[PDB]
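In structure tokens, one chain follows: the form deposited in one PDB entry.
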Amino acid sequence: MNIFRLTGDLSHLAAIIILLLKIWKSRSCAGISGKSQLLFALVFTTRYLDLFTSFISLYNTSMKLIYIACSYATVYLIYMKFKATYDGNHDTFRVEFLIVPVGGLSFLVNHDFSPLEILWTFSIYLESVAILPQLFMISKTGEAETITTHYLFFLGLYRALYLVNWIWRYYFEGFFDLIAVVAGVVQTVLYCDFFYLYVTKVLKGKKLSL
């Protein structure tokens, strides 16, 4: 446990609440990729099966349950409650090009050939590309609302802080996980265009055009 990990967990929970409250208060999920929310829910489901085999801490258990709860709730608001404002015509990313290959790669490239480890690996590879449908939707529609960009900033910053956390844990604890690291780098580089546009445009009162 270090400040980079804690700030990364707070940044991830901030992003999840920003999106959930934006949809709930506005009674609309316009411009939100439902597909990326299905992918994030699927990451939490496959990663957190260890809730049944391990107890690390009350913080670890609580955060996992909150993430599963908010990811499933976000999916429910998009596809059931406010489905009248879900823009299916613009959320056209073919997620089978992500799930089928990521699934195949988790079975072949992992730390152990056992069901719980293969499922954890799937969650790591899938998370690295889970935001692709949302970024693809923004480029298609042309615009991204300010609150949508704050959601994307805090979501992108979370795994960037986890990379710093892995440098810290490697130096001080001798801990190293190459699958999480390489996937974490892939996950963060996919935000590079967004980060540049958020800092130079959004933080200066301008339009984010992907």
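In this text, rigid core is short for the largest set of C-alphas that superpose within 1.5 Å between two forms. Numbers for residues come from their place in the sequence shown, where the first is 1.
Not pictured, yet referred to below: the form deposited in another entry.
- After superposition on the rigid core, the C-alpha displacement between the shown form and the other one reaches 2 Å or more for just one residue among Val185, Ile68, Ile147, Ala30, namely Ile147.
- In this overlay on the rigid core, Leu197 has a C-alpha that sits 2 Å or more away from its partner position between the shown form and the other one.
- Cα-Cα spacing of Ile131 to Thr149 is enlarged in the other form versus the present form (difference of at least 3 Å).
- Distance between the C-alpha atoms of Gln134 and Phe194: shorter by at least 3 Å in the other form than in the displayed form.
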